[PDB]
Structures are given as C-alpha cells and as structure tokens.
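For reference, the structure discussed in these notes is given below.
Every residue, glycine among them, receives a Cβ derived from its backbone with ideal geometry; neighbour counts consider all protein chains shown. Every number in this text was worked out from the coordinates using simple rules, so none of it is lab data.
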Amino acid sequence: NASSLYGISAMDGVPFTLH
Amino acid sequence: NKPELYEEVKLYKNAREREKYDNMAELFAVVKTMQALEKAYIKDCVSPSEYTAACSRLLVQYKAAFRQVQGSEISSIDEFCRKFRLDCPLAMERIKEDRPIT
Amino acid sequence: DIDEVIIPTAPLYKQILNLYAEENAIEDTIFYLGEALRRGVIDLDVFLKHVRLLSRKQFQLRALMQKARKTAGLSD
Amino acid sequence: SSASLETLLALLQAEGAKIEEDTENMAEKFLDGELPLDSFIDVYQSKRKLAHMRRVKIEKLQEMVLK
C-alpha cells in the first residue's frame, strides 16, 4: 500500500528507533 | 552508507516544474470540490438553485483547469485521477455530461 | 516529550511520517466540513472555499509523498 | 529515565487516547455550532496531525514489544 488515506499500512516499511 | 535518506525531497526544482504542480494542484482541488458538492446534494443539504449555480461554475473552472494540465504526460482526466489516486465518481459523471445533476 | 521516545531513523523517513499524518489530518478536516454543511452550521459557499483550499494542500502533500516514497525505495 | 517498554507504551497509548478524545470533542462542538469555523480548521487540522503521528508510533512500539 502506498496511499496515506488507505491506513497505517502505508507506513509498513518505515523504520523507527528508540530513544 | 546511504546518502539520500538524510536530505528532504522537494516537489519541484525549477520554474516550469512549479508551474506544472501549481496547475495540477488546482485541477485536483476542483475535482474534489465538485465531488463534495455532488455528495452534499445527495444528502439533500443544498437547494437545487444554490447547487446548480455552484456546479455550473465548478464545471467551467474544471474545463479550464484541465486544459491547463493536459499535455504530453497527462492526456485525460482518468489518467490524472489515476496518477494521483483521486477517486471521485460523482465529479467524473458531472464532467462526462458537462452539466449539473439537475 | 513522549512524542520523542520512538522516532523514524533518518530525515527522509521523518518527512514521510509528517506527510502521512498531514494528509490524513486534512481528510479528517474535509470530512467534518461536509458534516457541518449537512447540519447547517456552515453555508455552501464557505464550505466550497475551504474544501478547495484544503484539497489543494492535500495534492501537494500527495505528490510529494510519491517522490519521497520512491526516493526511499518504498512501494509506490 | 528507566521506564519499561510496556510502561512507555502505556504512556504513548494514553497520549494518543487524549488527543483523539480532544479532537473528537472539538468536532462535535463544531457540528453543534458551538465552535467558529476558522478557529476549528487550523487547530483541528494541527491536532489531527499529532493524532496520526501517535497512531503510527504506537503501532511501531507495539510491534517492538512483539505483541
């Protein structure tokens, strides 16, 4: 999924890190 | 290392690209506004008179907006709507008949 | 700031996260303008003006998000 | 400092829940005619953004803890 309006699945490959 | 992850991307790099995106933004906004107008008329929250005058004007603004965008890479409104994932079937039907739903 | 405890890993992912949230926030705004017209709390002309202005902004975010996702190697 | 990841996750979910109810309360106050429009458009937009930021961070932290 690529469209922001189709949900948080759009962020699936976006890496996050803690601090 | 990976370098392109550390600089933010821009939408346009020159005068002609900005011009193009200015015009595409207006097309996109005219279609979505037409779509919201059709939806409001379904929901019966606008008079047939207020609706018709607003929809006539949007169709005139629409036809100019698309003429300004139409060219080598965008040939039709269905191609534009698909490139930018703009699903507005009510707007599309008003454009097809070129007249308000009244 | 609890918002700062879990964050994207590089500036471009941050941009992408900001574009995702802004575009959704605009859709939320447009949706309740439509609901405010049906309730009669705004009239047609102020409705069509703000939807127009908000949809223009959402195009720029959407077109940008396409460029950002492709620059990062994400699906598009 | 040394909060557990599940403690941090409870905090963030609680912070998401506050902004969601805040913006939902703003929204019905505006549909009730109790809130002026050009007030609403700026602040609700700005608050909805942070609500979506938090939905994403919540999902990432939840998958970290491996639900």
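The table for this structure:
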{"quantity": "Residue ID - surrounded by the most Cβ atoms within 10 Å (Cβ to Cβ), chosen from residues in region C:13-24 that are within 7 Å of another protein chain (Cβ to nearest Cβ) and of a type outside the set (A, V, I, L, M)", "calculated": "C:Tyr20"}
{"quantity": "Selected residue (criterion: surrounded by the fewest Cβ atoms within 10 Å (Cβ to Cβ)) from residues of region B:67-90 that are within 15 Å of B:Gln35 (Cβ to Cβ), within 14 Å of chain A (Cβ to nearest Cβ) and without any contact (Cβ under 8 Å) to a residue 40 or more places away in the chain", "calculated": "B:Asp87"}
{"quantity": "Of the criteria (1) surrounded by 12 or more Cβ atoms within 10 Å (Cβ to Cβ); (2) over 19 Å from C:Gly34 (Cβ atoms); (3) of a type outside the set (S, T, N, Q); (4) in contact with a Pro (Cβ under 7 Å, 6 or more places away or on another chain), which one B:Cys55 fails", "calculated": "(2)"}
{"quantity": "Qualifying positions in region B:10-69 - aromatic (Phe, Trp, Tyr), within 17 Å of B:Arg99 (Cα to Cα) and either under 10 Å from the mean Cα position of the chain (by Cα) or not in a helix (DSSP H, G or I) (or both)", "calculated": "B:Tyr62, B:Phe66"}
{"quantity": "Identity of the residue in region D:29-67, in contact (Cβ under 8 Å) with a residue 40 or more places away in the chain and surrounded by 13 or more Cβ atoms within 10 Å (Cβ to Cβ), that ends up farthest from C:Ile30 (Cα to Cα)", "calculated": "D:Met64"}
{"quantity": "Exclusive hit being in a helix (DSSP H, G or I), surrounded by fewer than 21 Cβ atoms within 10 Å (Cβ to Cβ), within 13 Å of chain D (Cβ to nearest Cβ) and without any contact (Cβ under 8 Å) to a residue 24 or more places away in the chain, set C:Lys49, C:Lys70, C:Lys57", "calculated": "C:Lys49"}
{"quantity": "Every pair of residues 6+ apart whose Cβ atoms lie under 6 Å, when the first sits in region C:34-46 and is more than 7 Å from chain B (Cβ to nearest Cβ) while the second is of a type in the set (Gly, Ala, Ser) and assigned to a helix (DSSP H, G or I)", "calculated": "C:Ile42/C:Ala36"}
{"quantity": "Residue match in region D:48-66 (condition: part of a helix (DSSP H, G or I), more than 9 Å from chain C (Cβ to nearest Cβ) and aliphatic (A, V, I, L, M))", "calculated": "no"}
{"quantity": "Flag if C:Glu27 is acidic (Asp, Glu), closer than 21 Å to D:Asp38 by Cβ, in contact with a helix residue (DSSP H, G or I) (Cβ under 8 Å, 6 or more places away or on another chain) and at the interface with chain D (Cβ under 8 Å from one of its Cβ atoms)", "calculated": "no"}
